[PDB]
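Take a look at the structure below.
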Amino acid sequence: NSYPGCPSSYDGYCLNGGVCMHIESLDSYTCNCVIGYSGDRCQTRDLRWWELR
């Protein structure tokens, strides 16, 4: 099932358009940024993704 999202205990570590992923079994957790979101987690919201388009 992979259970999309992540233990609500989170609801705050993923930054700027950071998809909160959740691998089952190992009940571990992670995140993913995008085309304008990077840096540590994804605090890098710069002139890229949105580009004000």
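Shown for chain A, in order and in Swiss-Prot numbering: 977-1029.
If you're wondering, the header gives solution NMR.
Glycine too: its Cβ is placed from the backbone N, Cα and C atoms.
In Swiss-Prot this protein carries:
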DOMAIN    978-1019  domain 'EGF-like 9'
DISULFID  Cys982-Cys996  disulfide bond
DISULFID  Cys990-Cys1007  disulfide bond
DISULFID  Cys1009-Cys1018  disulfide bond
REGION    1024-1029  region 'Not required for full biological activity'
So if I exclude everything within five residues of the ends of the region 'Not required for full biological activity' (1024-1029), which remaining residues of that chain have a CB under 8 angstroms from its CBs? That is, six or more out.
993, 1010-1013
Given the disulfide-bonded residues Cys996, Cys1009, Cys1018, which one has the fewest other C-beta atoms within 10 angstroms of its C-beta?
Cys996
By Cα-Cα distance, the member of disulfide-bonded residues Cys982, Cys996, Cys1009 nearest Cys990 (disulfide bond):
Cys996
What Cα-Cα separation, expressed in whole Å, is found between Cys996 (disulfide bond) and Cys1007 (disulfide bond)?
5
Residue distribution over DSSP helix, strand and coil in the domain 'EGF-like 9' (978-1019):
0 helix, 9 strand, 33 coil
Tell me, how many other CB atoms lie within 10 A of the CB of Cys1007 (disulfide bond), whichever protein chain they belong to?
17
Cα separation, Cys982 (disulfide bond) to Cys1009 (disulfide bond) (Å, whole number):
15
Tell me the residue counts in helix, strand and coil for the region 'Not required for full biological activity' (1024-1029), as DSSP assigns them.
0 helix, 0 strand, 6 coil
May I ask which residues of the same chain, at least 6 positions away in sequence, place their Cβ under 8 angstroms from the Cβ of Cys982 (disulfide bond)?
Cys990, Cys996, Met997, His998, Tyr1005
For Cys990 (disulfide bond), the number of other Cβ atoms found within 10 Å of its own Cβ:
20
